[PDB]
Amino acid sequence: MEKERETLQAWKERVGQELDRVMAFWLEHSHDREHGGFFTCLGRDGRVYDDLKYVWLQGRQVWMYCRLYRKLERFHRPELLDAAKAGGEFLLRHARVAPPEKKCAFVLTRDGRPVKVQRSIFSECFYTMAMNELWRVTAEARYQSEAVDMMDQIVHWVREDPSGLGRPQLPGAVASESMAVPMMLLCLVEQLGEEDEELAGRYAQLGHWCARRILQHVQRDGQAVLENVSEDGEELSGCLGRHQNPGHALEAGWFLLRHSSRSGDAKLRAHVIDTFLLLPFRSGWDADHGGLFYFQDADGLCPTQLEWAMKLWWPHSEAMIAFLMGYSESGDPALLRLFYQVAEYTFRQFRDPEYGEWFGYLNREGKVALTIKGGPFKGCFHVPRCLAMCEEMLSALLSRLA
């Protein structure tokens, strides 16, 4: 129908042009030509307000650059590959703290000297993501070895020895799994298996285990997705067990959708849309001012985090992907409508048409709380990945309406 088609073409045009714009911001402001890597502590105008290198964002930016370079012809330029390679080098040299050991630092000084180390696998995950993409664009085996080796390091750490990360558990701390873990691991499994039967086959068992774990966070007879649950998949008590993050449930949701799409498993896909897309959104959406809450408490109690009611950029970018994907997958037009809802709200609320890129932090009412375009937790990732994926999905959708 013309109605549908025109709206999609419009949106595909909107996100595509936006990607060009947000990418332009990172291309002209975040490149550290003197030491390699990127500056993410960028002000509203792109001015660097700090020269620290947050490992997460470096890995993410490298992956993003490569990803675009090989998927979107308009991004197949040397500037991207040069920056991406210079980024991988930086990671290759300084990412690791004591660099036999694979444990990576959370943040490094501009020159690559470790400043902080986080007892998690997050820096490492993005490290392996950037490594694998660099290999995809240069075919240099050293990148894939770095990637696969780190991957196996992470698997071991997560499934066989939490020790390699530190923080021996106190007899009082409850053994709880954070959703981010299976999600990230699953993300990796998907990243590596992409166009690689060997790797896809190698981590098949892990991919399943990961999806299964993520599903274990669906609690209260399928009425709540809980950020944390016991290692055995049971609801925890206290603020810890009641903690919710809608933005995260949606992201896990689309990660799961991606995992099952190939599995032509409409059963799983259905359940995921219900419990990971609609439920979180319905609970998370702020009826009074629009936008998804950052945090929530399953029992409806006031969250403990000061910033729970803030509207952050990534839960929305992830909502856009998850809905467009769910629709692309089930054709259920309700999801298309939700995508439109989320997409209009975030495009209207987070974009900064003055300088480029998007603000990442708004107060509950949707007003800009922080003017920074990048920082300790915001880089060239969530936004550009969301725009790229939507652009792709739309392109594919308008190909069946034509």
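Start at 1 with the first residue shown and count on from there.
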*asked:* Using only C-alpha atoms and the B-factors in the entry, which stretch averages higher, 328-336 or 308-316?
replied: 328-336
*Given the B-factors recorded for C-alpha atoms, which segment has the greater mean, 279-287 or 317-325?*
279-287
*Identify, among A252, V97, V137, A84, the residue whose C-alpha carries the highest B-factor in the deposited PDB entry.*
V97
*Could you check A270, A200, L186, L108 and tell me which one carries the biggest Cα B-factor in the deposited entry?*
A270
*What third of its chain's C-alpha B-factors does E234 belong to: lowest, middle or highest?*
highest
*Comparing against every modelled residue in the chain, figure out the third that the C-alpha B-factor of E124 lands in (lowest, middle or highest).*
lowest
*Within this chain's modelled residues, let me know which third the CA B factor of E133 belongs to: lowest, middle or highest.*
lowest
*Of the three thirds of its chain by CA temperature factor, lowest, middle or highest, which one includes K373?*
lowest
_What third of the chain does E354 rank in for C-alpha temperature factor, lowest, middle or highest?_
highest
